[PDB]
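Undergrad: sequence isn't available, so here's the structure alone:
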């Protein structure tokens, strides 16, 4: 099951990346 | 059943890949 | 019934393959 | 009835085959 | 009634055969 | 699981970044 | 976990910044 | 944790600032 | 923690200011 | 006993819906 | 007893729907 | 009793729908 | 009692629909 | 026992919904 | 035992909902 | 045992809801 | 053991609610 | 162990409620 | 240990309630 | 240790109740 | 130590009750 | 020491009860 | 007094329902 | 007083329903 | 007072329904 | 006294329900 | 006394429910 | 005395519930 | 004496519950 | 004496609860 | 004497609770 | 003597509580 | 003698409380 | 003799209280 | 002899009270 | 003095209860 | 003084209840 | 003072209830 | 002060209910 | 202050209800 | 502040309802 | 801020309803 | 009114006569 | 009224006659 | 009324006759 | 009334006969 | 009444026969 | 009554037989 | 009654057999 | 009764076997 | 009874085994 | 019984082992 | 019993070890 | 107030008159 | 206020008059 | 306010007048 | 506000006038 958990971890990491990228774009605006 | 679980794991991995790729594209924009 | 379950497993595996392939194409774009 | 179940299993197997073949074609594109 | 059930089983078997044959043709394309 | 926790941490960090950036924009207005 | 806590701290700091900025704007009005 | 506490302190300080500013406006009215 | 306490003190001071200002307005009416 | 035959008819109607959906696919192409 | 015959008619109508769907497929080609 | 005959007529109408669908197929070719 | 005769007429009309469908087939050829 | 066949029909209807959704996808393209 | 098959059908219906949502995405683009 | 499969279906339905929400986002843009 | 998978599905549903709320934000703009 | 994951989901749901409230704010403006 | 995470979620939910109340204020204006 | 965080959340919830009451005032006007 | 923070929260809740009562007054007018 | 703060909160709650009673009076008029 | 007549009308309506049911029987034959 | 006449009309309408049901019988024959 | 006349009209309409039902009978013969 | 007549009407309505159920039986055959 | 007749009607309604259930059986066959 | 008849009706209703349950069984098959 | 009949009805209702549970079993299969 | 029959009914109801629990088990599988 | 039968019913109810708990276990898995 | 059987039922209920607690454990995992 | 069995049941209930507490621990983690 | 078993149960209940307190500790952390 | 075991249980209960007090301390912090 | 009028109202309410009970009687007949 | 008027209103409400009960009687007839 | 007017309104509402009951009577006739 | 006006509105609403009841009477005639 | 205006609107709505009831009267005539 | 305007709109809507009721009167004549 | 404009629109819509009601009056004449 | 009742009695008598005559005819068949 | 009751008695007698005659016919079949 | 009761008795007797006749027919099958 | 009771007895006897006959048929299968 | 009891006895005997016959069939499977 | 008891005994015997047969089947699996 | 007791004994014996068989299967896993 | 006791003994023995088997499995993990 | 006691002994032995095994696992962690 | 006592001894020994192992882990931290 | 005592001794020894280890950690802080 | 009391007296006198008149009528019956 | 009381007195007097008049009419019947 | 009270008095006087006039009319009938 | 009150007084006076005038007309009839 741990594989599922680490998959979730990578999911959330990517989500955070999307968030901070949108943040950088907002900062550029 | 464990085969189903690892299938799900690979599913979510691919989903995370899609997410981070869309994130990289957003970053390029 | 287990045959049905492993059939489902292969289904989901193929679905994940489709997903990651679409992801690679998105990455190429 | 089990015959019906294994018929379903073969159905789903063939469906998965169609899926992964379409996936390979998508990959070729 | 069981005769009806096994008839259905053969039906679904033939359907699966049609499916996998169409799949092989798709693979050839 | 700790990976999930640190993912959450990065999430919240990014959220705080969004917040303070919106704050800086409000300050500019 | 402490990382989560300091993330929260930064969150609340940003919130306070938003608050005092809104306060400065109210003062300007 | 003390960081959280001082964050709270700054929060409440900003709140007091909002309060006294609203008070000054009320006084002007 | 004392910072929190003095924050509270300033809070209550501002509240008293609001009160006496409302009182002065009532007196003007 | 008739309800058994009702279930059989349900089986067959399901199969019919399968074929109808297959036609829907093919028409969609 | 008649409801038994109703179920029989339901069987037959299901079969008819099967054939109709098959025609739908063929027409769609 | 008449409802029994109604069920019989339903049987026959189902058969008629079968033949009609067969004609639909053949016409579609 | 007449409703019995109505059911009889329904029988006959069903048979007529059968023959009509047969004609439809033959015409379709 | 019939409820077992009801479950079988449910299986098949699910498969039909799968195919229908696949058609929906393809039509959407 | 049938409830097991009900669960299987639930699996398949879930997969169908997945595909339907994917179509919804693609249509939305 | 079937309840295990119910949980699996719940997993998949959750994933479907994820994709549906993603579509909701994209449509909202 | 299944309840573990229930918790996993809860994780995923939470993530879905996150995305849905994000869409709600974006739509609100 | 699953209850740990329940707590994780609670974390995420809390974050979702945060975002939802943020949307509520923005909509209110 | 999980109860610690429960407390964290409580922190976050409190923050969410803060934002919700802020929205309530703004809506009230 | 978690109870400390519970107390922190209590602090924040108190602050939220403050803001909510402020909104209640403003709405009452 | 946490009980100290509990007392702080009690302070704040008291202040909130003050404001709520003030709103009660104003509403009563 | 915290009990001192408890007494302070008691002071404030008393004041709140005063204001609440004043509102009760005014409402009673 | 009128309610007495209402009861009389109820009597008559009951009798009418009797006759209607008798007709239902006869029609059913 | 008029409600008395309403009851009378109810009597008559009941009688009418009687006759109508009698006609229903006779028609059914 | 007019409602009295409404009741009278109701009487007459009831009588009309009586005659209409009588006609229904006679027609049915 | 009228309630006595209400009970009589209840008797008759019960008898009507009897006849209606008898018709239901006969129709079911 | 009327309540006696109510009980009689209850008897009859029970008998009607008996017949209705018998019809339910027969229909179920 | 009427309550005796109520008990009789209860007897009969119980018997009706018996038959209804028997129908439930048969339908379930 | 009637309470004796009530007990009899209780006996019968118990038997009915038995049959109902048996149906529940069979349906569950 | 009736209470004896009440005890008998209790016996039977217990047996019914047994069967119901058995069904609960089987359904749970 | 009846209380003896009450004890017997208690025995049986205990056994039922045993089976119910067993089902609870199995469901929990 | 019956109290002996009561004690037996107590034994069994204790065993049931054991199993229930075991289920509680397993669910908790 | 029965009291001996009561003591036995007490033993078992104690064991059950042990297991319940163990579950409480595990849940607490 | 039974009181000996009561003492044994007391031993076990004490042990259970030990474990419960241990859980209380762990939860408190 | 049993009283010896009672004393043992007293020992254990004392130890439990120790642990409970330790938890009380830790909770108090 | 008002309490005298309260007693008067009690008198009247008693009389009303008398009439209501009389109606209860008459309805019961 | 107002409570006197409350008593007066109680008088009147009692009278109203009287009339209402009288209506209840008359309706019951 | 307002409560006096509340009592007046209570007087009037009582009178209204009187008239309403009078209407109830008249309607009942 | 506003509550005084609320009482006035209550007066007027009472008067309105009076007139409405008067209309109810007149309509009832 | 706005609640004062709410009370005014309540006054006016009451007056409107008065006029509406007057119309109800006149229409009823 | 907006709620003040809401109250104003409520005033106006009340006036509109007044005029509408006046029209209702006039139409009723 | 937008909600302020919503209130303005509410004002205007109220005025529109006023004019519409005036038209209703005039049309009614 | 009693005249109406005896009219009803004669009605039902005639109905019973019709019933038993139809019964005699059924017996002759 | 007793005339109505005996009319009902004769009704039910005739109904029983119909029932037993239908029973004799069923027996002949 | 006893006439009604004996009518019911004959009703139920005839019903039992129908039941046992249907039983004899089932036995012949 | 005893006639009703013995009627019920014969009813239940016939029911038991039906049951054991169905049992013999099941045994033959 | 004893006749009813022995009827119940025969009922339960037949039920047991059905049970053991179903058991023998299960054993044959 | 003893007949009822021995009927119950045979019931439970058959139930035990079903149980041990299901056990033997489980053992064969 | 002893027959009931030995029936219970056989019940519990069979239950123990089921338990140990499930145990042997668990051991095989 | 001793048979019941030894049945319980075998029950608990089997339970202990299940426990130690689960223990061996835990040890293998 | 001693058999029950030794059963309990084996129970507790197995429990201790589970405990020490969990302890060894904790030690390995 | 001594077997129970030594079982308890082994229980407590294992508990002490768990304790000292947790202690060693705490020491490592 | 002495085994129990030495078990307790080892318990308390381990407890003292936990205490002094916590003490060493406190000393390190 | 005494006027109210004598009014009540006359009320009750009239009520008694109604009662004795109804009594005389009952006596005439 | 006394004017209100005497008004009530006259009210009740008139009510008594109505009562005794209705009584005289009942006496005439 | 007294003006309102005397208005009420005149209201009730007029109501009493209406009552006694209706009473005189009833007396004339 | 007193102006509003006296307006209400005049309102109620006029209402009483209407009432007594309607009363005089009723008296003339």
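TA: Yep, that arrived. Numbers count the residues shown, from 1 in each chain, chains lettered A, B, ... in the order given.
Undergrad: how close does residue A:9 sit to residue B:23?
TA: 16 Å (Cβ to Cβ, to the nearest Å). Just so you know, the C-beta spots here come from the backbone N, C-alpha and C atoms, and that holds for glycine as well.
Undergrad: again, but for residue A:16
TA: Noted for residue A:16: a distance of 9 Å to residue B:23, by Cβ to Cβ.
Undergrad: and if you look at residue A:28?
TA: Where residue B:23 is concerned, residue A:28 sits at a distance of 16 Å (Cβ to Cβ).
Undergrad: so these two - more neighbours on which side?
TA: A count of neighbours by other Cβ atoms under 10 Å in any protein chain shown puts residue B:23 above the other of residue A:28 and residue B:23, at 19 against 7.
Undergrad: so which bits of chain A are right by chain AD?
TA: Counting by Cβ under 8 Å from any Cβ of the partner chain, no residue of chain A lies close to chain AD.
Undergrad: ok and the residue in chain A nearest chain T?
TA: residue A:12 (21.5 Å; Cβ to the nearest Cβ).
Undergrad: quick check: that residue touching residue F:6?
TA: No: counting by Cβ atoms under 8 Å, residue A:12 does not reach residue F:6; the two are 9.5 Å apart.
Undergrad: does any part of stretch A:9-16 sit near chain Q?
TA: Yes: Stretch A:9-16 lies within reach of chain Q by Cβ under 8 Å from any Cβ, at A:11, A:12, A:15.
Undergrad: now do that stretch: everything it contacts.
TA: By Cβ atoms under 8 Å, 6 or more residues apart in numbering or on different chains, the residues outside stretch A:9-16 that reach it are B:12-13, B:15-16, B:19-20, B:23, F:3-4, F:7-8, F:10-11, F:13-14, Q:15, Q:18.
Undergrad: which of these fall within strands?
TA: If you go by DSSP state E, those have nothing in strands.
Undergrad: buried only: go through those for me.
TA: Neighbour counting over the contacts of stretch A:9-16 (16 or more other Cβ atoms under 10 Å in any protein chain shown) leaves B:12-13, B:15-16, B:19-20, B:23, F:4, F:7-8, F:10-11, F:13-14, Q:15, Q:18 as the buried ones.
Undergrad: farthest pair in the residues you listed?
TA: B:13 and F:13 (23.9 Å; Cβ to Cβ).
Undergrad: what about the helices in chain A?
TA: Remark: helices assigned in chain A by DSSP state H are A:2-28.
Undergrad: near chain Q, which residues of it?
TA: Checking chain A against chain Q by Cβ under 8 Å from any Cβ, the hits are A:1, A:4, A:8, A:11, A:12, A:15.
Undergrad: mind running it again at 10 Å?
TA: Taking Cβ under 10 Å from any Cβ of the partner chain as the contact definition, chain A meets chain Q at A:1, A:4, A:5, A:8, A:11, A:12, A:15, A:18, A:19, A:22.
Undergrad: can you tell me which residues contact the third one?
TA: The reference is to residue A:5. The contact partners of residue A:5, by Cβ atoms under 10 Å, 6 or more residues apart in numbering or on different chains, come to B:9, F:1, F:3, F:4, Q:8, Q:11, R:5, R:8.
Undergrad: could you do the second one as well?
TA: For residue A:4, the set of contacting residues under the criterion of Cβ under 10 Å, 6+ apart consists of B:5-6, B:8-9, B:11-13, P:11, Q:4-5, Q:8, Q:11-12.
Undergrad: try it again at 8 Å.
TA: B:5, B:8, B:9, B:12, Q:8.
Undergrad: any idea which of those residues is closest to chain BD?
TA: Comparing the contacts of residue A:4 against chain BD with Cβ to the nearest Cβ picks out residue Q:8 as the nearest, at 71.5 Å.
Undergrad: from chain O, how far out is the closest one?
TA: 14 Å (Cβ to the nearest Cβ, to the nearest Å).
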